[PDB]
Amino acid sequence: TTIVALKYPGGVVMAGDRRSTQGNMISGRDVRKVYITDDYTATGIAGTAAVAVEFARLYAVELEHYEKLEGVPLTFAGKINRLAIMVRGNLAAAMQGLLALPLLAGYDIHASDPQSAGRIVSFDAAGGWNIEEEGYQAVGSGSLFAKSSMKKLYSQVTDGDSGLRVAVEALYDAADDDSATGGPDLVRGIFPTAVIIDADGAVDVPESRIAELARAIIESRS
Amino acid sequence: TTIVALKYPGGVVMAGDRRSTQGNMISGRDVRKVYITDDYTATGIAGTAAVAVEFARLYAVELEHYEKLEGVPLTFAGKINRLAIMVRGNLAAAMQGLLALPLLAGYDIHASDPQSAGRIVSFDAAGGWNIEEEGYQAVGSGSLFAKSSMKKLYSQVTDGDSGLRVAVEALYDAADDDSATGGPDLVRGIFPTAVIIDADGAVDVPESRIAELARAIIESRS
Amino acid sequence: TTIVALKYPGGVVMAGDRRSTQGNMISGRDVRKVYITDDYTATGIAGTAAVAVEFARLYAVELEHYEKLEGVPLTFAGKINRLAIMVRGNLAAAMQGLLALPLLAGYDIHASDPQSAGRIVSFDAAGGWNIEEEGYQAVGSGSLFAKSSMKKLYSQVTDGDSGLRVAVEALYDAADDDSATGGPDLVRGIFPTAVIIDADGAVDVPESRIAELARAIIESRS
Amino acid sequence: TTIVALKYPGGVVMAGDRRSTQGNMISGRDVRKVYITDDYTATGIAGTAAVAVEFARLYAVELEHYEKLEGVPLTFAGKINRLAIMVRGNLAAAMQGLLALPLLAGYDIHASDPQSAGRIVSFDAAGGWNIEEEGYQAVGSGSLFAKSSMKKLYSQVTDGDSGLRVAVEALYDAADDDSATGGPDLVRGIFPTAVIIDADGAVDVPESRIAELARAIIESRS
Amino acid sequence: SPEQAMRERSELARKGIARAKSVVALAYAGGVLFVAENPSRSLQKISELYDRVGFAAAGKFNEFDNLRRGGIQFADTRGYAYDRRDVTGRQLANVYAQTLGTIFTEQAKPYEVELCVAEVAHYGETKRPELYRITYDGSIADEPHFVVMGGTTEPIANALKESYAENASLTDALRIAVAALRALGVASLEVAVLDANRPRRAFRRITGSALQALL
Amino acid sequence: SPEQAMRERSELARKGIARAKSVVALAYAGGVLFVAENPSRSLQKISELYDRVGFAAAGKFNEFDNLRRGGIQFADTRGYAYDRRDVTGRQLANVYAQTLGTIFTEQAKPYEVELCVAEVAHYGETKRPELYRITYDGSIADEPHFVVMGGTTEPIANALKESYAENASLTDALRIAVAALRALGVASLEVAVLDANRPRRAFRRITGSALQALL
Amino acid sequence: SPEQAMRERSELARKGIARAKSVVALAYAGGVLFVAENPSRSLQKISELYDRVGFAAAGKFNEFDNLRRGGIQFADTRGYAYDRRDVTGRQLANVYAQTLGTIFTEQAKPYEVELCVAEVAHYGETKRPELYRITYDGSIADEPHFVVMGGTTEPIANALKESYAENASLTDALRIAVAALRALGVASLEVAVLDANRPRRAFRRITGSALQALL
Amino acid sequence: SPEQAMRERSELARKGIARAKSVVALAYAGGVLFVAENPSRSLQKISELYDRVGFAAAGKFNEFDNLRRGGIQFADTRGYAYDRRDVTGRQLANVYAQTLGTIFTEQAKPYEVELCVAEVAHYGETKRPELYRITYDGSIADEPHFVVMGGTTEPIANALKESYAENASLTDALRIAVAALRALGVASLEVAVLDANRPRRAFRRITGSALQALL
Amino acid sequence: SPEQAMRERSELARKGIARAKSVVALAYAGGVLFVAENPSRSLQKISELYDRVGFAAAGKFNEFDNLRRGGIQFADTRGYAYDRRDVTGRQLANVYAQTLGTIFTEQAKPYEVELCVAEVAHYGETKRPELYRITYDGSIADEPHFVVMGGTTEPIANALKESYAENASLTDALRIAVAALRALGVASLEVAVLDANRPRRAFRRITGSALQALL
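Note that the protein sequences, when read in sequence, are chains Z, Y, X, W, B, K, L, A and J.
The numbers in PDB author numbering rise by one with no breaks, and the one at position 124 of the first sequence is 124.
The numbers in PDB author numbering rise by one with no breaks, and the one at position 216 of the second sequence is 216.
The numbers in PDB author numbering rise by one with no breaks, and the one at position 29 of the third sequence is 29.
The numbers in PDB author numbering rise by one with no breaks, and the one at position 44 of the fourth sequence is 44.
Just so you know, the fifth sequence maps onto residues 8 to 190, 203 to 234 in PDB author numbering.
Just so you know, the sixth sequence maps onto residues 8 to 190, 203 to 234 in PDB author numbering.
Just so you know, the seventh sequence maps onto residues 8 to 190, 203 to 234 in PDB author numbering.
Just so you know, the eighth sequence maps onto residues 8 to 190, 203 to 234 in PDB author numbering.
Just so you know, the ninth sequence maps onto residues 8 to 190, 203 to 234 in PDB author numbering.
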């Protein structure tokens, strides 16, 4: 599994792959790994497949519960603290074989400059969090290749289309260098899933755009 | 990681580096490790990165809670006792892989001679504390090199500028002799962080002064 | 570490060294190891440095608490029983690496003969106590050398000056034969600390007398 | 350590040695191991030195508490049962390194024949007790030699002097054959301690008689 | 008003105990003899507590039955903790007094019972037998000669006082017991003795043709 | 009869609060100003709850002291659980209302106290300060201008209503506060403010020569 | 006498609820509309329980606030245990009825509150909205058209009955709501709706210039 | 009305203690002498608490027996925790005062007892013996010469005050004790002393022919 | 009727405290002086709480003894948790006020005691000594000059007010203390001082020939 996220002027984008594997045998082909937690945040969890779906659902329930109870949504720091506590509380389960590595992307509506209101937060095993300042981050078993690809491709990002294209290219490279990550499926018609967050909110990217970008990249690489 | 502290006539200064490492791979580049706990104290924790941020926040909350409850701030001995208890209560976690080594620097406003009101306190693994009388102390994985550098460079300290310069030089030597400690970054523009405490209070040192001192040291060493 | 105690007609004297060591590296140079518990008793604890400071403070608090509650001080046997219980309650911590070996010296004001009212009590690991009748005792990692020196030097003790001189000489021999024990520091000016208890009470010995005695011994040994 | 006990017409006598040892180093020279529990009983405990003093004090407190509560003293069988329960309750501590082996001697005032009212009781590790009928018993690390000596020397006992002499001789043989047992000290003047129980009660034997007997035995053996 | 409540409880207990039959206990040469008026073979008012201790009571059956069971349980534990010869009737009397006092003070309804504890000397020894009486509120007293509880005690007490004789035999003392209670054949009579000539256990019941022959 | 008991408790609380002195709180250009009549330097009626929340009360000291300690403990935990900027005075007012209602309903004697909670905007922002009032039985109300509790409120309320002016300065509003309370020098006066120009903590006390210069 | 105590509690609750203001809830073409008389912006009487369930109450604030919090906590757990679409307003009404009955029976003072639960159909479906009413003693009833609680209900009930019209629009039904409550501008008015055309969450508040334009 | 209940409890306790017999305790050259009127050999009113502390009481047996057992248990634990020479009678008197006060305040029926604690100097030392008196409600007082409790104290108090003499011998002080109590042979008399010449334990009983010879 | 019960408890406490003797505490140049009327050497009314804090009380001994023990236990724990110099008398006064208020509210019988807490400056510093007074119901007040509790306070209060003088010496202030209490030799007098010139512990007792020489 591999999930990438990067910042562009005016928003932030996230993407992930669709492959599930039990050892060396492929057991999943259309797994979704990116979720819309609230109106302005998205989460992506890597690791054991069973734990991630539970994790995201618990996180969304917690945020909605606080919103309904207090009548006002939490600040970004509060959300980061809640996620960090949730990650910290799973150390024994991770030791016994249930590991979850989350990635957070969001848009801060209470900031000063609207063109730099996007945030990317990464977490460690112990429960420490860091706010990215380079503009991109990746998690999973093929995150090194995707990060190395983004390091070279980040200079071309100016808007929401360039960021999506760069994310798709990074996912393609990660699938190229790692067998646990699934690449685009042309025979079946399965493509990665992406989410874009801007001043209007978090929206899902239609499959047609991702298919067009993947076809362009594949024909370019030939 | 490496944090240094030394005394000059009329105050005390602290400084630290910015590198985070997971084994042999660099994962952090602008980590802050020195915090202002209250108006007249500063704390620096070395070890696991996740534990230190939690540790400092808990310590500050405890001090503010006592201040609000009793209407008067604690004495220096009370703060030392609270920090020692907090360190002693983490022995099992340190055994299982969560170790924190704190360093304390402060200015005593209830002393007799104002020119020698600065204090430096070091802690051991068991929970014992000692008040330094030589005038300097260092913690981290490169503390030996920094201490050996300060032992030779301490004769030049007469005021707040000389102490800052000596601290920067000691950090430079520690980064030179240890790979887990990060040196000044000229390509990116990242420099160590410092805090100065005097009779007026604890203030943060602007980055321009540290950059100028680092450039002077680097050109001197060439 | 090494702490010695001996009896002279009309009182009792205690002394200790100032060195702290973490393995083979010197980490302390002016550590105090002898405390005045109440008006007529003194205590010295050897072993882990962190545990001793906690131990003495707890013991003093307990004695003062009983004095305030009942309006009369405890007898000597009661103090011995309390100290023995405190030592016995730390067996598991000693097993896991927190060992404390205490030494007790005091003056009994409810005795018959005032010239033999001094007492020295030693403790074992299990929690058993014994009242010395030979007139001297030593604890620490260099106690054997100090005891062997006192066995030969005890014939010269007639008053409070001879006992202090013999104690300083025994500490000098213990530092000579053991590297974990620190000898007199002529370059820095650090000397052992001593306490004298007589019919008037327990008093601290000024550093000038100890420095003079150490200089006399050093020039004699040259 | 070694404690012996034997019966003579009209009473019973007990004796023990004075040496304490930590491995192969002598740490005690005047240790007392025989106690008067009540008016007509005596107890001697072998094993760890710390546990025995606690054991005897607890036993005496229990007996006095029952006497005060009910207004009548316990019978001999009740005392044996209490001691057996106390021994049985220490099995885990004996496993972890705190072993106590007690010996009981007493005079029964509620018997028929006053000339055979003396009793000797021995205990095992599990907590079983047995009343001796041969007339003598010994406990400690040199009990075999003392028992073998008494087996040959018991024919000469007719009164309280012969029994004391035989006990001293048995202790001498036990010290001769075992290094953990201390013999008479002629240079320092330290001799074993003995207790005699008869129809009048339990009394301590003055040191002069024991010294005279030891000198007679030593000159006889030369 | 605590005084009024204490008065009501005391009258309730007195009226409760005034209804029941009478049971007497006297000391003779061989030990202690218990005589009671009991029409039932199944339900018994006299029992054994330990080797040398006897039990007797009057009032409501379900209350002194519980008291007897508690006393037996208390007696058995002590003889295992210390010894069989360390158990005396004074301790049992004290325990009963404490229990009755607590019940009278705290319970909603006081117990309408009257207890008596008797003890005899051990085998081969000499000693005067002891008799104790425990009252529903916790009062304890020691009697040298006899105890009478239940019904109208005063005429029976006067008859026993007038016709008492020390060191009497079994038939003799039994005859004054029966005569004083009459002021009654094999049926409607319960008889038990504490025999001090027995080796270990001193309690035995006299029933059947032996009671007919003795009386 | 629950109605009668509620009536007695309500009169008890009203008579208890009618004895104490008066304390006022009004909003000015810089924030919120507290003025109280306090002869003691040691015992204080105005305190700080959090970074932007103030506390004030009237009645018995040992009761609102406990309430203040509970409020501080509640405030500190929340800022560690979520964040420092997620703490608002409305939550503290609700907690106080629940606590006072429970105490009034269940405790043997109701608390004779009257509380008030004030909050100000964060640094660099604009917002109208909020004032809440909590009554001994659990009633909670929101006031836009000022709150007066303790003693005879009505004349002071009328004076404050007549002479109130928005966006006043510190000396001005302090002078109407003192005049309305008079209807009082450095001693027997407690003055505190919630300054909205401070970076982090908005609470500070005005005592000594500064109070003399201001008034 | 349990009858007398029940009578006193019932009169206490009735007198408590008779003091408060009035709040109405009626069903229109788009869903359910809530109109309440509330001078305060801070303290709110209408809230949201779940995706398709609304909340409304009258009486003392600190009581129905606790009830609303309990209902929200109950609703959130069920949707995690089974699913979000397995939560219905009937279950919440039953829980509220049980809680109010237990409080009325056992607590020292009954709650002086009156609750109402409203639900609407899911997105893309058709169904008649449901309205429930819960009374301080635990009584539960179902209303097809409207619920009026608080103050003097009868004149408002008559006006609503006379002027009610099904399948009305938002402005229309809002105008009869305001007119019946009058028998009131942007201030001192709380308005909320359950919109059945929304994808997931049906609750939204109408405040500010939109309320002025609509009314 | 707490005053009325306190009055009733106080009269109940006073009437309870007014029934019992009298016991006196006076200090002579050798220590402290206890004289009591006790027809029973089995049940005892004077006992020993520790090495140098004595016990004496009047009233109901089952109450001060429990008090004596509690005191003995308290005394034994302290001498193991610290030492045998750290136990003084003042601590026992304070413990008894606290226990009696708590029982009087909280229990359903107060204890009808009156206690007295006596202490003597250690062996080889000199000191004036101390006498304390504890009253059913928790009051504690210190007496220098003698304490009289039980029955009608005033005539006995007057006789003891008139005929008291310091540094008297055993026969002398015993004779005034007997004469004052008379205002009594070997039987119906309990006599005990605290001998200050003994090495360890100072308590011993005088019974049998020795009492006849002394008196 | 809670008002009636509060009245009865208040009169009970007032009548209880009106019986006891009087104790005064005044501040002089060297610190604070305590003078009390105590016939007993053994039982003491003035004690020490910490290094710079003193204790004094009037009423029933077994109550303020418990209060003193609780205060000492509270003081010792805090100095181990934080430091010896972080302990102040205001905290102890607050703890005593809370304890007395809780006892008055909930216990069956209120405590008939009156407490006073005094503190002095540390060694080498200057500060005005502080005096606090705690009343049986939980009321706390601060006094600048002197505190008088027990018996009829008013004449003693008037005498002390008329004859008070600041910065007096020990003999001087002691003489006004004795004269005001008289409105008394070495016996029946307890005297203690809080000396501010001592290094660590400021409490010492003046007894024997020194009291005779001073007075």
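We put the beta carbon where it would ideally sit given N, CA and C, even for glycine.
(1) With the cut-off set at 9 Å, would you say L213 of chain K and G78 of chain K are in Cβ contact?
(2) Which residues, taken in chain order from the region 73-102 of chain K, show a beta carbon closer than 7 Å to some beta carbon of chain Z?
(3) Among L:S8, L:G38, L:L33 and L:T226, whose alpha-carbon lies nearest the alpha-carbon of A187 of chain L?
(4) Starting from the beta carbon of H110 of chain Y, find every residue of chain K whose beta carbon is closer than 9 Å, and list them in chain order.
(5) Three or more beta-carbon pairs under 8 Å between the region 3-10 of chain W and the region 166-178 of chain W, yes or no?
(6) Would you verify that the beta carbon of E55 of chain J is, or is not, closer than 9 Å to some beta carbon of chain X?
(7) Using a threshold of 9 Å, state whether the C-beta atoms of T48 of chain Y and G106 of chain Y are closer than that.
(8) Would you say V61 of chain X lies against chain J (beta-carbon separation less than 9 Å)?
(9) Among the residues of its own chain, which have a CB less than 6 Å from the CB of residue 299 of chain Y, if the five just before and after it don't count?
(10) With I147 of chain L as the anchor, note down where its alpha helix (DSSP H) starts and where it stops.
(11) Please tell me whether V31 of chain L and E209 of chain L are closer than 9 Å, where the distance is taken between their beta carbons.
(12) Note down, in chain order, every chain X residue with its Cβ under 7 Å from the Cβ of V53 of chain W.
(13) Quick one: give me the first and last residue of the beta strand (DSSP E) that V4 of chain W is part of.
(14) Just mark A12 of chain B as buried or exposed, buried being the case when its beta carbon has 16 or more other beta carbons within 10 Å.
(15) Excluding sequence positions up to five away, which residues of its chain have a Cβ less than 6 Å from the Cβ of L138 of chain A?
(16) Residue range of the beta strand (DSSP E) that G201 of chain Y falls in?
(17) For a contact meaning CB atoms closer than 8 Å, what does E133 of chain Z contact in chain Y?
(18) What do you get for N101 of chain K, buried or exposed, if any count of 16 or more other CB atoms within 10 angstroms of its CB means buried?
(19) Strictly below 7 Å CB to CB, what residues from chain K border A115 of chain L?
(20) Provide the residue(s) that pair with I53 of chain A in DSSP beta bridges, ordered along the chain.
(21) Mind listing the chain J neighbours of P9 of chain A? Cutoff is C-beta to C-beta under 7 Å, in chain order.
(22) Can you tell me whether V72 of chain Z is buried or exposed? The criterion is at least 16 other CB atoms within 10 Å of its CB, across all chains shown.
(23) Hey, how far is the Cα of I183 of chain J from the Cα of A128 of chain J?
(24) Can you tell me the Cα-Cα spacing of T178 of chain A and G145 of chain A, whole angstroms?
(25) Going residue by residue through the region 101-170 of chain B, where are the continuous beta strand (DSSP E) segments of at least 3 residues, counting only ones entirely within it?
(26) Count the other C-beta atoms from every protein chain shown that fall within 10 angstroms of the C-beta of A115 of chain A, then say buried if there are 16 or more, exposed otherwise.
To lay it out plainly:
(1) Taking the sixth sequence and counting its residues from 1, one reaches residue 213 of chain K at position 194. Taking the sixth sequence and counting its residues from 1, one reaches residue 78 of chain K at position 71. No; because the gap between Cβ atoms is not below 9 Å, this pair is not in contact.
(2) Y89, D90, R92 and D93
(3) Reading the seventh sequence from its first residue, position 180 is the one you call residue 187 of chain L. Minimum Cα distance to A187 of chain L is reached at L:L33.
(4) Counted from its first residue, the second sequence places residue 110 of chain Y at position 110. Near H110 of chain Y there are no residues of chain K at all, since even the closest Cβ is about 20 Å away, more than 9 Å.
(5) yes
(6) The count along the ninth sequence starts at 1 and reaches residue 55 of chain J at position 48. Judged by the 9 Å Cβ criterion, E55 of chain J is in contact with chain X.
(7) Along the second sequence, read from residue 1 onward, the residue named residue 48 of chain Y stands at position 48. Along the second sequence, read from residue 1 onward, the residue named residue 106 of chain Y stands at position 106. Their beta carbons are not under 9 Å apart, which means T48 of chain Y does not touch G106 of chain Y by this criterion.
(8) Mapped onto the third sequence, residue 61 of chain X falls at position 61. Closer than 9 Å: yes.
(9) Look at the range of chain Y in this structure, 1 to 222, and you will see that residue 299 of chain Y is not part of it.
(10) Taking the first residue of the seventh sequence as 1, we reach residue 147 of chain L at position 140. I147 of chain L -> not in any alpha helix (DSSP H); beta strand (DSSP E) instead, spanning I147 to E150.
(11) One-based indexing of the seventh sequence puts residue 31 of chain L at position 24. One-based indexing of the seventh sequence puts residue 209 of chain L at position 190. Not closer than 9 Å, so no.
(12) Translated into positions along the fourth sequence, residue 53 of chain W becomes position 53. Within chain X, the residues near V53 of chain W are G128.
(13) Numbered from 1 along the fourth sequence, position 4 holds the residue referred to as residue 4 of chain W. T2 to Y8 is the extent of the beta strand (DSSP E) around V4 of chain W.
(14) For the purposes of this step, residue 12 of chain B is taken as the residue at position 5 of the fifth sequence. Result: exposed.
(15) Counting from one through the eighth sequence, the residue named residue 138 of chain A turns up at place 131. Closer than 6 Å at the Cβ level, and outside the excluded window around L138 of chain A, lie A125, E150 and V154.
(16) Reading the second sequence from its first residue, position 201 is the one you call residue 201 of chain Y. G201 to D204 is the extent of the beta strand (DSSP E) around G201 of chain Y.
(17) Stepping through the first sequence from its first residue, residue 133 of chain Z is reached at position 133. Near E133 of chain Z (Cβ distances below 8 Å), the residues of chain Y are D30.
(18) To locate residue 101 of chain K, count along the sixth sequence from 1; it is residue 94. Burial call: buried.
(19) Here the question's residue 115 of chain L lines up with position 108 in the seventh sequence. Per Cβ cutoff of 7 Å: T112 and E113.
(20) Residue 53 of chain A sits at position 46 when you count from the first residue of the eighth sequence. BP columns for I53 of chain A point to A:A63.
(21) Indexing the eighth sequence from 1 puts residue 9 of chain A at position 2. The contacting residues are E15, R16, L19 and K116.
(22) Walking along the first sequence from the start, residue 72 of chain Z turns up at place 72. By the neighbour-count rule (16 or more Cβ atoms within 10 Å), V72 of chain Z is not buried but exposed.
(23) To locate residue 183 of chain J, count along the ninth sequence from 1; it is residue 176. To locate residue 128 of chain J, count along the ninth sequence from 1; it is residue 121. Cα to Cα, the separation comes out at about 24 Å.
(24) Here residue 178 of chain A is taken as the residue at index 171 of the eighth sequence, counted from 1. Here residue 145 of chain A is taken as the residue at index 138 of the eighth sequence, counted from 1. So the two alpha carbons sit approximately 35 Å from each other.
(25) 120-126, 137-141, 147-150 and 153-156
(26) Stepping through the eighth sequence from its first residue, residue 115 of chain A is reached at position 108. Label assigned to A115 of chain A: exposed.
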